[PDB]
Protein chains: 2
Amino acid sequence: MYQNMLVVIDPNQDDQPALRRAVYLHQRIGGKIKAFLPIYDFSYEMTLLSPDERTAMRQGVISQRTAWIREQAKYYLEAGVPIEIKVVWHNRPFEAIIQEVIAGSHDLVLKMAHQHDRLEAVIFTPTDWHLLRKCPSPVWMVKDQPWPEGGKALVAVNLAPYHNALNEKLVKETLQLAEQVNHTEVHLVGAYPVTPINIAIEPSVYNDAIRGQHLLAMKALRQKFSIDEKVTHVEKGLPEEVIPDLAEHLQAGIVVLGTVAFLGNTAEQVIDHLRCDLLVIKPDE
Amino acid sequence: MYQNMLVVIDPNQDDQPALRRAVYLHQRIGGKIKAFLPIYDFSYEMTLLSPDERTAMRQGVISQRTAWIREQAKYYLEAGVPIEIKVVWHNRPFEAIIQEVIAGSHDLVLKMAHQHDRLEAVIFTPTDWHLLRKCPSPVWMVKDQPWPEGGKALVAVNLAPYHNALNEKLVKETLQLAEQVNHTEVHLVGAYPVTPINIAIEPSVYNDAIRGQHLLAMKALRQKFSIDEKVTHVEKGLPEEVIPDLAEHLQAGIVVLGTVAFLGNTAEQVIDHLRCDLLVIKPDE
Ligand SMILES: OC[C@H]1O[C@H](O)[C@H](O)[C@@H](O)[C@@H]1O
Ligand SMILES: OC[C@H]1O[C@H](O)[C@H](O)[C@@H](O)[C@@H]1O
Ligand SMILES: OC[C@H]1O[C@H](O)[C@H](O)[C@@H](O)[C@@H]1O
Ligand SMILES: [Zn+2]
Ligand SMILES: [Zn+2]
């Protein structure tokens with residue numbers, strides 16, 4: 001399922017929700033965990049310091065963070081969770097992270113994103129954005145607030161040629177995971193656009209007809225996988241509207257998106273409006 | 001100076017601060033203005049509509065927006081400001097925009113960014129980010145709040161090999177513009193990092209010494225251009241700290257940044273914290 005998870009350690013605080021998520025997963029689906037932290041002190045480049053001194057600072061930071069990470073993780077290690085700690089020196093974390101993924105062939109990246117308030121959107125940093133856009137493996141952004149009780153997984157699917165295969169991957173992988181992880185109920189959503197009242201003046205047959213195709217496309221899919229109709233949703237509106245309203249209404253613990261350095265308009269507009277975890281999945285091909 | 005400006009029309013509202021900025025500029029530095037608006041209605045792809053109907057909708061939206069833009073801009077046209085209106089059909093605005101730039105060899109892109117409240121950061125959309133990262137020409141993000149009275153231009157410069165040339169371009173271009181535009185006073189800032197109290201335990205000689213180099217580097221530069229020392233700043237801290245504190249303290253109307261799809265850490269971290277216009281300049285080479 002995901003046997004090789006990379007958790008990106010957040011240097012700015014002791015608690016590591018991304019690691020906590022990784023352990024939660026491990027104990028249910030197996031798989032190894034690399035707890036990975038790239039750091040730097042720019043003062044590492046400022047003929048102002050000795051060569052020896054540059055080294056002692058660089059080596060001293062590696063050792064200290066490693067022990068700190070091990071302190072955070074002690075219970076998980078003593079519990080016998082297979083966690084490898086890698087702190088590395090690198091000035092560009094997202095590049096560091098993506099090179100680690102490729103080197104260690106990681107099949108999942110987990111990284112914390114902060115939500116300051118329950119009313120608001122999860123804050124995605126620039127690093128987060130570079131990951132989401134560019135990281136080859138799937139990327140799971142782990143909101144630092146509690147998982148809603150009985151929270152659902154919501155998968156956005158595209159309903160309007162080979163987009164068929166991408167949709168299939170997305171639903172396949174989400175289902176195999178939700179089923180080995182506490183049987184989280186999985187829902188599907190497709191939003192269809194209704195023509196702005198503005199564009200109109202250039203026919204509400206449009207409405208029923210488009211609603212028609214999408215329902216057909218949803219069913220075909222639902223059924224390639226024996227999904228219940230009741231967990232499948234076909235909605236009028238902008239994706240960035242529909243998906244987070246439906247997330248709130250469903251108490252979705254996570255939203256799962258598949259991609260088109262650019263995720264496609266749906267994903268770009270949506271991601272900035274999420275109030276729960278995000279999982280981004282790119283076509284492996 | 002900038003003889004070929006592209007203003008990205010914001011479809012979501014009537015008032016166009018980016019165009020208003022473009023006119024403001026024109027009447028002081030000359031140059032032509034293309035008022036550019038890419039649009040689409042996804043319903044344009046949904047065998048659900050006639051070929052004729054797809055066209056009538058597509059052609060009808062082009063014509064209507066064109067007249068709307070002309071309505072917004074009437075006073076500027078009647079005033080005799082040289083404004084070409086281009087509305088085009090394209091599903092990816094940032095791609096549309098960047099292709100227009102290359103096609104029309106635009107030397108400046110202006111586009112509005114919204115600040116919801118004076119206390120907060122200007123909201124950069126995903127499109128804004130793609131532009132800032134990828135658009136070949138300079139990109140001027142025009143905050144939709146008033147320009148501070150006597151507002152200054154603040155230029156971030158790098159102070160720690162060929163970074164010399166990039167710095168030079170940045171200061172040259174900002175100065176030639178501020179001087180033909182109302183003589184906006186230009187300031188320079190370089191921030192130097194102080195080693196976290198945390199990294200320490202692995203010498204406040206560091207402090208004075210690093211402060212030293214940067215002052216030397218600042219002066220060399222200031223003086224390649226006969227800049228007053230009093231408008232030049234060398235500060236301890238994170239760039240994302242120093243630059244917006246100094247912006248607030250200075251009443252800087254705009255912050256000018258030069259780049260390293262990635263602007264370099266300084267620019268990435270800073271941009272998300274700005275409370276004023278932004279101008280991004282990439283090495284032409
Ligand atoms: O949204 C404001 C954010 O800005 C700062 O980085 C704060 O330290 C963080 O707690 C907060 O959520
Ligand atoms: O979508 C592009 C994103 O790039 C940046 O990293 C910003 O953190 C965010 O405001 C923006 O939305
Ligand atoms: O920050 C919240 C923003 O969200 C919405 O897009 C609002 O319409 C805009 O007025 C506001 O500034
Ligand atoms: Zn917070
Ligand atoms: Zn607002």
# chains A, B, ... in the order shown; residues from 1 in each chain; ligands from 1

$ residues_near_ligand --ligand "ligand 5" --cutoff "7 Å" --atoms "only C-alpha atoms and all ligand atoms" --output "JSON, numbers by chain"
{"B": [114, 115, 116]}

$ residues_around --residues "stretch 3-12 of chain A" --least-positions-apart "3" --cutoff "7 Å" --atoms "only C-alpha atoms" --output "count of residues only"
17

$ closest_atom_pairs --of "chain A" --to "ligand 4" --cutoff "12 Å" --atoms "only C-alpha atoms and all ligand atoms" --output "Markdown table"
| residue | atom | partner | partner_atom_place_in_ligand_line | distance |
| --- | --- | --- | --- | --- |
| A:113 | CA | ligand 4 | 1 (Zn) | 10.4 |
| A:114 | CA | ligand 4 | 1 (Zn) | 6.8 |
| A:115 | CA | ligand 4 | 1 (Zn) | 6.4 |
| A:116 | CA | ligand 4 | 1 (Zn) | 3.7 |
| A:117 | CA | ligand 4 | 1 (Zn) | 7.1 |
| A:118 | CA | ligand 4 | 1 (Zn) | 10.5 |
| A:120 | CA | ligand 4 | 1 (Zn) | 10.5 |
| A:121 | CA | ligand 4 | 1 (Zn) | 11.2 |
| A:122 | CA | ligand 4 | 1 (Zn) | 9.9 |
| A:123 | CA | ligand 4 | 1 (Zn) | 9.0 |
| A:143 | CA | ligand 4 | 1 (Zn) | 11.7 |
| A:144 | CA | ligand 4 | 1 (Zn) | 9.9 |
| A:145 | CA | ligand 4 | 1 (Zn) | 10.8 |

$ calpha_fit_and_write --fixed "chain A" --moving "chain B" --output "mmCIF file with C-alpha atoms, in the first residue's frame"
data_model
loop_
_atom_site.group_PDB
_atom_site.id
_atom_site.type_symbol
_atom_site.label_atom_id
_atom_site.label_comp_id
_atom_site.auth_asym_id
_atom_site.auth_seq_id
_atom_site.Cartn_x
_atom_site.Cartn_y
_atom_site.Cartn_z
ATOM 1 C CA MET B 1 0.000 0.000 0.000
ATOM 2 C CA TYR B 2 2.514 2.609 1.157
ATOM 3 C CA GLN B 3 5.577 0.723 2.399
ATOM 4 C CA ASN B 4 8.067 3.591 2.286
ATOM 5 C CA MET B 5 6.764 6.822 3.767
ATOM 6 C CA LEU B 6 8.730 10.056 3.993
ATOM 7 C CA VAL B 7 7.748 12.401 6.818
ATOM 8 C CA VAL B 8 8.964 15.964 6.492
ATOM 9 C CA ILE B 9 9.865 17.129 9.977
ATOM 10 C CA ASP B 10 8.789 20.662 10.836
ATOM 11 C CA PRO B 11 11.824 22.331 12.481
ATOM 12 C CA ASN B 12 9.763 25.205 14.001
ATOM 13 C CA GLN B 13 8.107 23.127 16.767
ATOM 14 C CA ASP B 14 8.378 19.955 18.860
ATOM 15 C CA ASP B 15 5.119 18.110 18.058
ATOM 16 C CA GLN B 16 5.131 16.441 14.598
ATOM 17 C CA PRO B 17 1.559 15.709 13.326
ATOM 18 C CA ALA B 18 3.005 14.354 10.023
ATOM 19 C CA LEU B 19 5.045 11.775 11.932
ATOM 20 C CA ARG B 20 2.025 11.012 14.200
ATOM 21 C CA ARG B 21 -0.023 10.438 11.041
ATOM 22 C CA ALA B 22 2.799 8.201 9.690
ATOM 23 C CA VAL B 23 2.743 6.023 12.804
ATOM 24 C CA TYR B 24 -1.038 5.855 12.789
ATOM 25 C CA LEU B 25 -0.779 4.525 9.239
ATOM 26 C CA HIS B 26 2.141 2.192 9.878
ATOM 27 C CA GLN B 27 0.360 0.296 12.600
ATOM 28 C CA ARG B 28 -2.518 -0.314 10.196
ATOM 29 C CA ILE B 29 -0.916 -0.787 6.691
ATOM 30 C CA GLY B 30 2.776 -1.503 7.586
ATOM 31 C CA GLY B 31 5.612 0.198 5.743
ATOM 32 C CA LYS B 32 8.816 1.973 6.807
ATOM 33 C CA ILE B 33 9.076 5.644 7.771
ATOM 34 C CA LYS B 34 11.931 8.065 7.063
ATOM 35 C CA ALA B 35 11.698 11.112 9.357
ATOM 36 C CA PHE B 36 13.461 13.658 7.174
ATOM 37 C CA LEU B 37 14.585 17.148 8.030
ATOM 38 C CA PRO B 38 16.597 19.395 5.746
ATOM 39 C CA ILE B 39 18.264 22.362 7.536
ATOM 40 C CA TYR B 40 20.761 25.071 7.048
ATOM 41 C CA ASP B 41 22.167 28.170 8.682
ATOM 42 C CA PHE B 42 22.975 30.769 5.979
ATOM 43 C CA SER B 43 25.683 31.901 8.355
ATOM 44 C CA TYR B 44 27.242 28.699 6.870
ATOM 45 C CA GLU B 45 28.270 30.702 3.796
ATOM 46 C CA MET B 46 29.085 33.988 5.580
ATOM 47 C CA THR B 47 35.445 33.806 4.366
ATOM 48 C CA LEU B 48 34.014 35.097 7.652
ATOM 49 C CA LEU B 49 34.086 31.669 9.455
ATOM 50 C CA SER B 50 36.865 29.027 9.735
ATOM 51 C CA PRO B 51 36.654 25.898 7.566
ATOM 52 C CA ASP B 52 36.761 23.898 10.821
ATOM 53 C CA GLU B 53 34.095 26.203 12.288
ATOM 54 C CA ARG B 54 31.786 25.809 9.281
ATOM 55 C CA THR B 55 32.090 22.064 9.781
ATOM 56 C CA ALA B 56 31.579 22.121 13.598
ATOM 57 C CA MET B 57 28.467 24.214 13.135
ATOM 58 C CA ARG B 58 27.205 22.030 10.269
ATOM 59 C CA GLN B 59 27.989 18.757 12.038
ATOM 60 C CA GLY B 60 26.701 20.093 15.348
ATOM 61 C CA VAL B 61 23.353 21.009 13.919
ATOM 62 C CA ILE B 62 22.924 17.587 12.239
ATOM 63 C CA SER B 63 23.647 15.729 15.557
ATOM 64 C CA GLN B 64 21.421 18.001 17.699
ATOM 65 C CA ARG B 65 18.362 17.868 15.465
ATOM 66 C CA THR B 66 18.794 14.023 15.104
ATOM 67 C CA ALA B 67 18.687 13.628 18.910
ATOM 68 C CA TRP B 68 15.753 16.088 19.091
ATOM 69 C CA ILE B 69 13.788 14.150 16.432
ATOM 70 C CA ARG B 70 14.648 10.938 18.401
ATOM 71 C CA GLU B 71 13.323 12.605 21.546
ATOM 72 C CA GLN B 72 10.019 13.474 19.785
ATOM 73 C CA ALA B 73 9.802 9.948 18.341
ATOM 74 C CA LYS B 74 11.147 7.930 21.329
ATOM 75 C CA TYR B 75 7.780 6.216 22.109
ATOM 76 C CA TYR B 76 7.330 5.171 18.487
ATOM 77 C CA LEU B 77 10.872 3.758 18.386
ATOM 78 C CA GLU B 78 10.628 2.007 21.773
ATOM 79 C CA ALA B 79 7.251 0.736 20.547
ATOM 80 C CA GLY B 80 9.327 -0.735 17.715
ATOM 81 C CA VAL B 81 8.060 1.423 14.840
ATOM 82 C CA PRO B 82 10.680 1.245 12.020
ATOM 83 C CA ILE B 83 11.738 4.930 11.728
ATOM 84 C CA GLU B 84 14.932 6.080 10.003
ATOM 85 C CA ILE B 85 16.056 9.646 10.938
ATOM 86 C CA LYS B 86 17.729 11.665 8.193
ATOM 87 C CA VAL B 87 18.693 15.225 8.844
ATOM 88 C CA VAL B 88 20.531 16.781 5.907
ATOM 89 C CA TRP B 89 22.144 20.145 5.095
ATOM 90 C CA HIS B 90 20.545 21.830 2.115
ATOM 91 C CA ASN B 91 19.390 25.410 1.550
ATOM 92 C CA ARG B 92 16.258 24.510 -0.576
ATOM 93 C CA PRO B 93 13.952 22.265 1.425
ATOM 94 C CA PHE B 94 11.521 21.418 -1.389
ATOM 95 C CA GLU B 95 14.412 20.436 -3.659
ATOM 96 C CA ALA B 96 16.019 18.496 -0.826
ATOM 97 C CA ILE B 97 12.716 16.758 -0.205
ATOM 98 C CA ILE B 98 12.144 15.838 -3.853
ATOM 99 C CA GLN B 99 15.654 14.588 -4.300
ATOM 100 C CA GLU B 100 15.164 12.396 -1.167
ATOM 101 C CA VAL B 101 11.929 10.952 -2.616
ATOM 102 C CA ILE B 102 13.684 10.032 -5.851
ATOM 103 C CA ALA B 103 16.787 8.698 -4.057
ATOM 104 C CA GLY B 104 14.872 6.638 -1.461
ATOM 105 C CA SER B 105 11.995 5.833 -3.856
ATOM 106 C CA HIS B 106 9.435 7.015 -1.347
ATOM 107 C CA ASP B 107 5.863 6.132 -2.278
ATOM 108 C CA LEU B 108 4.263 8.724 0.057
ATOM 109 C CA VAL B 109 5.270 12.099 1.414
ATOM 110 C CA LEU B 110 3.646 13.377 4.621
ATOM 111 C CA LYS B 111 4.092 16.942 5.787
ATOM 112 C CA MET B 112 2.216 19.118 8.314
ATOM 113 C CA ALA B 113 0.143 22.147 7.272
ATOM 114 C CA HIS B 114 -1.194 24.522 9.856
ATOM 115 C CA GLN B 115 -4.739 25.667 10.313
ATOM 116 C CA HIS B 116 -4.765 28.702 12.557
ATOM 117 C CA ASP B 117 -8.524 28.544 13.231
ATOM 118 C CA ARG B 118 -11.301 26.011 12.602
ATOM 119 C CA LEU B 119 -13.183 28.628 10.565
ATOM 120 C CA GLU B 120 -10.266 29.100 8.108
ATOM 121 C CA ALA B 121 -8.291 27.496 5.317
ATOM 122 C CA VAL B 122 -5.218 25.398 6.014
ATOM 123 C CA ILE B 123 -2.094 27.491 5.355
ATOM 124 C CA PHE B 124 0.036 26.062 2.529
ATOM 125 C CA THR B 125 3.515 27.447 2.510
ATOM 126 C CA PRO B 126 5.627 28.094 -0.597
ATOM 127 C CA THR B 127 7.467 24.809 0.120
ATOM 128 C CA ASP B 128 4.123 23.012 0.401
ATOM 129 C CA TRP B 129 3.138 24.419 -3.031
ATOM 130 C CA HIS B 130 6.401 23.371 -4.675
ATOM 131 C CA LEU B 131 5.955 19.876 -3.272
ATOM 132 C CA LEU B 132 2.335 19.569 -4.358
ATOM 133 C CA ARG B 133 3.227 20.712 -7.858
ATOM 134 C CA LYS B 134 6.477 18.840 -8.356
ATOM 135 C CA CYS B 135 6.914 15.875 -6.035
ATOM 136 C CA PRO B 136 6.641 12.571 -8.031
ATOM 137 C CA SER B 137 5.151 10.530 -5.135
ATOM 138 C CA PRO B 138 1.717 11.270 -3.631
ATOM 139 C CA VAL B 139 1.723 14.110 -1.065
ATOM 140 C CA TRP B 140 -0.372 14.069 2.063
ATOM 141 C CA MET B 141 -0.761 17.411 3.811
ATOM 142 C CA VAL B 142 -1.632 16.742 7.503
ATOM 143 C CA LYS B 143 -3.630 19.467 9.058
ATOM 144 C CA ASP B 144 -2.601 20.005 12.742
ATOM 145 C CA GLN B 145 -6.112 19.951 14.147
ATOM 146 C CA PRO B 146 -7.997 16.864 15.193
ATOM 147 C CA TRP B 147 -9.365 14.387 12.580
ATOM 148 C CA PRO B 148 -13.187 14.852 12.552
ATOM 149 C CA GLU B 149 -15.004 11.989 14.344
ATOM 150 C CA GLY B 150 -16.054 9.465 11.691
ATOM 151 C CA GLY B 151 -14.477 11.787 9.090
ATOM 152 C CA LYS B 152 -14.881 10.752 5.491
ATOM 153 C CA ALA B 153 -12.510 10.735 2.507
ATOM 154 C CA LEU B 154 -13.760 12.903 -0.400
ATOM 155 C CA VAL B 155 -12.286 12.180 -3.895
ATOM 156 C CA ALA B 156 -12.735 14.852 -6.682
ATOM 157 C CA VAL B 157 -13.205 13.132 -10.014
ATOM 158 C CA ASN B 158 -13.270 14.627 -13.480
ATOM 159 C CA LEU B 159 -16.487 13.972 -15.478
ATOM 160 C CA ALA B 160 -16.104 15.642 -18.930
ATOM 161 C CA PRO B 161 -10.844 10.475 -22.904
ATOM 162 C CA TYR B 162 -7.803 9.118 -20.970
ATOM 163 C CA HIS B 163 -8.960 11.153 -17.999
ATOM 164 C CA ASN B 164 -10.762 7.871 -17.438
ATOM 165 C CA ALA B 165 -7.535 6.152 -16.313
ATOM 166 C CA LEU B 166 -6.526 9.010 -13.971
ATOM 167 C CA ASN B 167 -9.957 8.955 -12.302
ATOM 168 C CA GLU B 168 -9.594 5.129 -11.961
ATOM 169 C CA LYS B 169 -6.216 5.398 -10.260
ATOM 170 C CA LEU B 170 -7.491 7.995 -7.869
ATOM 171 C CA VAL B 171 -10.560 5.969 -6.783
ATOM 172 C CA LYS B 172 -8.659 2.640 -6.691
ATOM 173 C CA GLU B 173 -5.858 3.928 -4.435
ATOM 174 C CA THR B 174 -8.212 5.918 -2.118
ATOM 175 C CA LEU B 175 -10.449 2.874 -1.654
ATOM 176 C CA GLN B 176 -7.627 0.395 -0.972
ATOM 177 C CA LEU B 177 -6.294 2.817 1.676
ATOM 178 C CA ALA B 178 -9.650 3.789 3.358
ATOM 179 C CA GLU B 179 -10.481 0.110 3.613
ATOM 180 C CA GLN B 180 -7.243 -0.863 5.400
ATOM 181 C CA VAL B 181 -7.326 2.355 7.442
ATOM 182 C CA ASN B 182 -10.283 2.120 9.815
ATOM 183 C CA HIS B 183 -12.707 1.690 6.891
ATOM 184 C CA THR B 184 -13.038 5.388 6.310
ATOM 185 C CA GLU B 185 -16.059 5.847 4.098
ATOM 186 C CA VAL B 186 -15.027 7.193 0.665
ATOM 187 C CA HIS B 187 -17.174 9.659 -1.304
ATOM 188 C CA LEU B 188 -16.821 10.872 -4.954
ATOM 189 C CA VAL B 189 -17.733 14.289 -6.232
ATOM 190 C CA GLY B 190 -17.920 15.790 -9.739
ATOM 191 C CA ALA B 191 -18.955 19.450 -10.057
ATOM 192 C CA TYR B 192 -20.450 20.691 -13.303
ATOM 193 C CA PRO B 193 -20.304 24.385 -14.248
ATOM 194 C CA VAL B 194 -23.584 26.233 -14.792
ATOM 195 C CA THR B 195 -23.186 29.022 -17.404
ATOM 196 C CA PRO B 196 -22.985 32.407 -15.635
ATOM 197 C CA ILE B 197 -26.251 34.361 -15.831
ATOM 198 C CA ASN B 198 -23.885 36.855 -17.559
ATOM 199 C CA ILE B 199 -22.799 34.510 -20.427
ATOM 200 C CA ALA B 200 -26.480 33.426 -20.759
ATOM 201 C CA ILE B 201 -27.647 36.315 -23.069
ATOM 202 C CA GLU B 202 -25.374 35.148 -25.939
ATOM 203 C CA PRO B 203 -31.818 27.513 -22.396
ATOM 204 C CA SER B 204 -32.059 25.568 -19.050
ATOM 205 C CA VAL B 205 -32.012 22.420 -21.227
ATOM 206 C CA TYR B 206 -28.239 22.900 -20.819
ATOM 207 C CA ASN B 207 -28.676 22.294 -17.097
ATOM 208 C CA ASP B 208 -30.555 18.982 -17.176
ATOM 209 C CA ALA B 209 -28.527 17.777 -20.161
ATOM 210 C CA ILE B 210 -25.143 18.454 -18.571
ATOM 211 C CA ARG B 211 -26.360 17.069 -15.275
ATOM 212 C CA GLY B 212 -27.292 13.996 -17.375
ATOM 213 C CA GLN B 213 -23.835 13.271 -18.874
ATOM 214 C CA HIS B 214 -22.133 13.700 -15.523
ATOM 215 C CA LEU B 215 -24.476 11.308 -13.797
ATOM 216 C CA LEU B 216 -23.827 8.768 -16.498
ATOM 217 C CA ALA B 217 -20.032 9.265 -16.109
ATOM 218 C CA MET B 218 -20.299 9.078 -12.332
ATOM 219 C CA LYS B 219 -22.302 5.820 -12.392
ATOM 220 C CA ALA B 220 -19.947 4.125 -14.922
ATOM 221 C CA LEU B 221 -17.106 4.922 -12.551
ATOM 222 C CA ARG B 222 -18.882 4.246 -9.218
ATOM 223 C CA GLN B 223 -19.692 0.855 -10.697
ATOM 224 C CA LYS B 224 -16.333 -0.052 -12.209
ATOM 225 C CA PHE B 225 -15.628 -0.272 -8.405
ATOM 226 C CA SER B 226 -19.009 -1.313 -6.932
ATOM 227 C CA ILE B 227 -19.376 2.063 -5.067
ATOM 228 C CA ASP B 228 -22.728 2.809 -3.397
ATOM 229 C CA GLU B 229 -24.723 5.533 -5.189
ATOM 230 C CA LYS B 230 -25.374 7.226 -1.819
ATOM 231 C CA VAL B 231 -21.668 8.193 -1.402
ATOM 232 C CA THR B 232 -21.348 9.565 -4.892
ATOM 233 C CA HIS B 233 -22.211 13.242 -5.606
ATOM 234 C CA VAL B 234 -22.896 15.215 -8.754
ATOM 235 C CA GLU B 235 -23.186 18.991 -8.041
ATOM 236 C CA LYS B 236 -23.708 22.272 -9.851
ATOM 237 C CA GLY B 237 -20.995 24.889 -9.322
ATOM 238 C CA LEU B 238 -17.297 25.767 -9.299
ATOM 239 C CA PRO B 239 -15.108 22.885 -8.015
ATOM 240 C CA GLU B 240 -13.578 25.327 -5.467
ATOM 241 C CA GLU B 241 -17.141 25.869 -4.204
ATOM 242 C CA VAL B 242 -18.594 22.415 -4.362
ATOM 243 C CA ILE B 243 -15.666 20.457 -2.971
ATOM 244 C CA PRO B 244 -15.224 22.415 0.280
ATOM 245 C CA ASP B 245 -18.992 22.832 0.900
ATOM 246 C CA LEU B 246 -19.336 19.065 0.416
ATOM 247 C CA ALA B 247 -16.282 18.473 2.625
ATOM 248 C CA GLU B 248 -17.888 20.538 5.399
ATOM 249 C CA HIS B 249 -21.332 18.915 4.966
ATOM 250 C CA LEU B 250 -19.690 15.426 4.850
ATOM 251 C CA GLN B 251 -17.215 16.002 7.665
ATOM 252 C CA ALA B 252 -14.561 14.820 5.229
ATOM 253 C CA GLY B 253 -11.243 14.315 7.144
ATOM 254 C CA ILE B 254 -9.304 14.549 3.852
ATOM 255 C CA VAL B 255 -9.856 15.673 0.237
ATOM 256 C CA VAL B 256 -8.149 13.673 -2.518
ATOM 257 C CA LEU B 257 -7.183 15.340 -5.825
ATOM 258 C CA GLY B 258 -5.484 14.050 -8.945
ATOM 259 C CA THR B 259 -3.479 16.332 -11.213
ATOM 260 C CA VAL B 260 -3.689 17.641 -14.860
ATOM 261 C CA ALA B 261 4.551 22.694 -12.592
ATOM 262 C CA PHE B 262 0.756 23.074 -12.629
ATOM 263 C CA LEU B 263 -2.044 20.945 -11.085
ATOM 264 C CA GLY B 264 -4.837 22.054 -13.400
ATOM 265 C CA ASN B 265 -7.235 24.833 -12.535
ATOM 266 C CA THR B 266 -9.592 22.662 -10.433
ATOM 267 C CA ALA B 267 -6.847 21.616 -8.035
ATOM 268 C CA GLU B 268 -5.135 24.991 -7.892
ATOM 269 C CA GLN B 269 -8.343 26.927 -6.992
ATOM 270 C CA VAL B 270 -9.543 24.196 -4.569
ATOM 271 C CA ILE B 271 -6.356 23.608 -2.539
ATOM 272 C CA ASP B 272 -6.304 27.166 -1.193
ATOM 273 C CA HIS B 273 -9.785 26.744 0.223
ATOM 274 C CA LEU B 274 -9.437 23.398 2.082
ATOM 275 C CA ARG B 275 -10.202 23.022 5.793
ATOM 276 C CA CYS B 276 -8.956 19.432 6.080
ATOM 277 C CA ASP B 277 -6.080 17.170 5.016
ATOM 278 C CA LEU B 278 -5.186 17.037 1.362
ATOM 279 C CA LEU B 279 -3.841 14.139 -0.671
ATOM 280 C CA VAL B 280 -2.497 14.873 -4.158
ATOM 281 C CA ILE B 281 -1.944 12.080 -6.623
ATOM 282 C CA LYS B 282 -0.235 12.477 -9.945
ATOM 283 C CA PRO B 283 -0.511 10.103 -12.873
ATOM 284 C CA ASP B 284 2.395 7.665 -12.344
ATOM 285 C CA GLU B 285 2.929 7.821 -16.121
#

$ select_by_dssp --residues "stretch 120-271 of chain A" --states "strand (DSSP E or B)" --output "ChimeraX atom specification"
/A:123,139-143,152-156,186-192,232-236,252-258

$ select_by_dssp --residues "stretch 67-208 of chain B" --states "helix (DSSP H, G or I)" --output "NGL selection string"
:B and (67-78 or 93-103 or 126-134 or 163-180 or 197-200 or 205-208)
